[PDB]
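Same protein, same chain, two forms; see structure 1 and structure 2 below, as structure tokens.
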Structure 1
């Protein structure tokens, strides 16, 4: 019914209106046409789902925080638990849909290494989001899948990208946050953030004239995390 041009415009309209569920549906339909996305289309798809999943991560944290602070009442605890599980169920569906797009279209159709790293990083991100709400066996599966996707992305970035590339730097940031928050490894988090920072400051001459401020901003986030994590 709707062609690619119509769905891309609909997504740009939905973004301005802050109607992210509409933005995500339009970009999901664009992806399912089976053709490789342009950088604009890829960014539209990423912003849409970041906001759709983001709202549930935020809500999950709020309801989790309330669950702990709430009084000893069997009925009240059960309401809170139920409500958290309703948010968890939504989060799982969102992450499963984007992981479906990544495995079926985005990763296999990626022809340039920039895009391959972007989508594998994205795969790591959404498995990390599944890990935050998962427990037991399932947690071990989503935690391994996250590390594996981040590592595959890291391997391609080190061989095919400049150490200042914003996609490579954003990956170093998210992967180091995975080690810190998901694996509870301040050592692995710092080792990764330090190496990425050092490698980038050694080759600032590789900064792209189109994205130099994207690079310096992420480099600041890396450095700030390193000084925060190496406190006292």
Structure 2
């Protein structure tokens, strides 16, 4: 199948709620090595979000059952083996996405908006790995999330205006990552305050017909600053 056929197959698969098929089609599109259109990039992202989310949901269900069962019944052992099967599937999905990002999408992106999108995607899929990782692997996946988000962050600061919704959204998510995952509330507040203040300083340049694209997110930054400051 050529790219036109694969994209149509992905759209059909989406309509039919066959997201493994959708992901396979968009994986093949990506592997042709060209920058993705906005439509193609959205199909890829939606496909893998659904595939990984189904496995994450199953994993959470089995883990909850495991925690509730009596610790010497075979139901504890069956849950363990089944949870491990789901974990390996989740890891394989994440590794496929991470390989697409590292081999094709990130290096070939020629616009900063695309590059930020793909680096945030990389951070997200390392976070999915973190949720099922154990031992020293876990700290590693966390660090890899941090690094990818940090890279997206730096690009957004250098190539986008402070009121750009993409830059604001990244500052929101990254400061939250510092607060919740790295347990670093001082730095989280510093990041959010910096992004909020920098956009405040440029409010007078926005158009009256579209300023809410920015101020909505600015409000969330300030909201978090308030919450975290009270603790």
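Residue numbers count along the first chain shown, from 1. If you superpose the two forms and keep the largest set of C-alpha atoms that fall within 1.5 Å, you have the rigid core.
Positional change of residue 73 between the two structures reaches 2 Å or more at the C-alpha, relative to the superposed core. Residue 18 shows a C-alpha shift below 2 Å between the two structures [criterion: core-superposed Cα displacement of 2 Å]. Smaller rigid part rotated by 18 degrees relative to the larger one between the two structures (C-alpha superpositions, whole degrees).
Here the rigid core is superposed, and residue 44 then shows its C-alpha moved by 0.1 angstrom between the two structures. Core fit done between the two structures; CA of residue 157 shifted by 1.6 Å. Core superposition places the Cα of residue 200 5.8 Å apart between the two structures.
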